[PDB]
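Student: Experimental coordinates follow, after the sequence.
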Amino acid sequence: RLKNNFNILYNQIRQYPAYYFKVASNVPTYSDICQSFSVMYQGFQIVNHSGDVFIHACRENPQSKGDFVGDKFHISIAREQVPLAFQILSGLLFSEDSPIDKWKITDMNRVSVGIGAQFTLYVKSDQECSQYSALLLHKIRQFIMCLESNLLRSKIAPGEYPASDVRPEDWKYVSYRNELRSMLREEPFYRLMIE
């Protein structure tokens, strides 16, 4: 059952043409999001509560109207290149085409997850049975490629990935984790990302 439903998804992704993300232009700077107690930009609500070391971004109209079911990516930057990397990535992270409805970023002023994993990107489901549609999965594949590409071409230094995460060798900044799974490379979702 599962093998076929995986392959159903897999071959659909490869049928789609390359996807393009209209880059957001009115984007807040790093210091702007550091002070944003509760503030809307480009349909994302930004919060920085003293309760943790992160600045959260949350699209008030999700494009994936179902559950977060465990699947997420980190982006790992060198400590001193973090604000820069945000400026480079903000156009994508705030894009109306991005498939990521919820992300967060470490607040470099509150920290001592400051050496790596400074961005977390949460994947939510858009189908019934907490499932992923092929387009969503395509959109996510394309988006990671596009983050990777923008960081590499501005010659941004990678940071230290969390030991928990998996990545293929062609990802220099992005890494993957499923929370439910305490053989992480076997995860259906992950296989669809890299193969």
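Tutor: Noted; the coordinates are in hand. Numbers count the residues shown, from 1 in each chain.
Student: Give the burial count for residue 81, as a bare number.
Tutor: The local packing of residue 81 (other C-beta atoms under 10 Å) involves 18 other residues. In short, each C-beta sits where N, CA and C put it, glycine included.
Student: May I have the phi/psi pair for it?
Tutor: phi -100, psi 10 (degrees, to the nearest 10).
Student: For residue 101, see how far away it is.
Tutor: Residue 81 is 26 Å from residue 101, where distance means C-beta to C-beta, to the nearest Å.
Student: quick one, longest helix in the chain?
Tutor: If you go by DSSP state H, the chain has its longest helix at helix 134-153.
Student: Can you list the neighbours in contact with it?
Tutor: With contacts defined as C-beta atoms under 8 Å, 6 or more residues apart in numbering, helix 134-153 is touched by 9, 12-13, 16, 18-19, 21, 64, 73, 75, 77, 85, 88-89, 92, 97-100, 123, 126, 170-174, 189, 192-193.
Student: go on, stretch 184-195?
Tutor: 2, 6, 9-10, 13, 71, 123, 132, 137, 140-141, 144, 165-166, 168, 176-178, 181.
Student: give me that answer again for 10 Å
Tutor: Outside stretch 184-195, the residues that touch it by C-beta atoms under 10 Å, 6 or more residues apart in numbering are 2, 5-6, 9-10, 13-14, 69-73, 123, 132, 134, 137-138, 140-141, 144, 164-171, 174, 176-178, 180-181.
Student: With only the CA atoms kept, save it in CSV.
Tutor: Extracted C-alpha coordinates of stretch 184-195, given in CSV (Å, rounded to 0.1, in the frame of the first residue of the first chain):
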residue,chain,number,x,y,z
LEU,A,184,15.9,9.1,9.9
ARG,A,185,17.0,9.0,6.2
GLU,A,186,14.3,6.4,5.7
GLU,A,187,11.5,8.9,6.5
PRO,A,188,9.0,9.0,3.5
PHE,A,189,9.0,12.8,3.5
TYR,A,190,12.8,13.0,3.5
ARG,A,191,13.2,10.6,0.7
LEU,A,192,10.9,12.8,-1.4
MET,A,193,13.1,15.8,-0.6
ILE,A,194,16.4,14.4,-1.9
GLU,A,195,15.8,11.6,-4.4
